[PDB]
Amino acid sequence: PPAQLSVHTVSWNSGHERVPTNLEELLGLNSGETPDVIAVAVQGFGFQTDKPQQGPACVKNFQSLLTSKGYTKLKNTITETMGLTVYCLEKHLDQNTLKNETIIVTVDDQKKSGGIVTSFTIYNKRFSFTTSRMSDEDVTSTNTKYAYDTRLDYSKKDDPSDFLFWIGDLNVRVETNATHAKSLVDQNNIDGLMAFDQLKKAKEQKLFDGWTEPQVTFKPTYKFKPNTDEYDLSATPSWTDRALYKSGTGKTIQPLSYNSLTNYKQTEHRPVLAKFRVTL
């Protein structure tokens, strides 16, 4: 039992975009780090109805890279609008204790909104990875637009997990006008703009209770004109893709790094990469 383990997470509201050439950058492996656990969350349209038939390239390309580095894919789950994959180094796995489990929650009769939770145990400590997706317009169990449901929160369990991560587009936005938002961004006043971000409002309403976001130092990750760094001001610049963390059991989770990946420009949203060190 190591005293500590590292986790990398990435999410991207990637829409219809395809596997990039440079997956090492996407996963935070380009400076030679070797995280114990990797989670990849996507939001978009048509993943199960793989009409472009891009599923096979995703599997080939991710598998080729990660197996060579000593990872086992614990689970990939795809719905029409979400994807969640969790990888763990083979060396940490004990089949008799792993207890690998995934649930899918859907909130609407078309199965477009909800979330996915994948959980597993290593060294007798339980990890859970959540992603979620909600539309602006739906009726919800919270009567808010935010992509929260108690069923996706394993910290609310009678026996809550040791290490929990929630990654994706939480449907949290910057509640001010585009002019004022752009001005803040031009001044690099990230904390000033974050003052208008809705995560705190969701928490006042008792959603994402006790979940922590690492400090944000990067500019809003949406909405860009593709293949530029120029905001499309038809939307107020916002932080779409987020990483939250919690422990149910008093374990220390230390963010090492939290950043958008500005080199992935192909789309309106920029992926977000988080790195953590967890103490068992």
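A residue's number is simply how far along the shown sequence it sits, counting from 1.
If you average the C-alpha B-factors over 240 to 248 and over 38 to 46, the higher value belongs to 38 to 46. Between 157 to 165 and 175 to 183, the higher mean Cα B-factor belongs to 157 to 165. Highest CA B-factor among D191, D149, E90, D197, as stated in the entry: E90.
For the set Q215, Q54, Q254, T212, the PDB entry assigns the largest Cα B-factor to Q54. Ranked by C-alpha B-factor against the other modelled residues of its chain, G28 falls in the middle third. Sorting the modelled residues of the chain by their CA temperature factor places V278 in the middle third.
In the deposited entry, the Cα temperature factor of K75 sits in the middle third of values across the chain's modelled residues. Among the modelled residues of its chain, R126 has a C-alpha B-factor that falls in the middle third according to the deposited record.
When all modelled residues of the chain are sorted by CA temperature factor, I116 is found within the lowest third.
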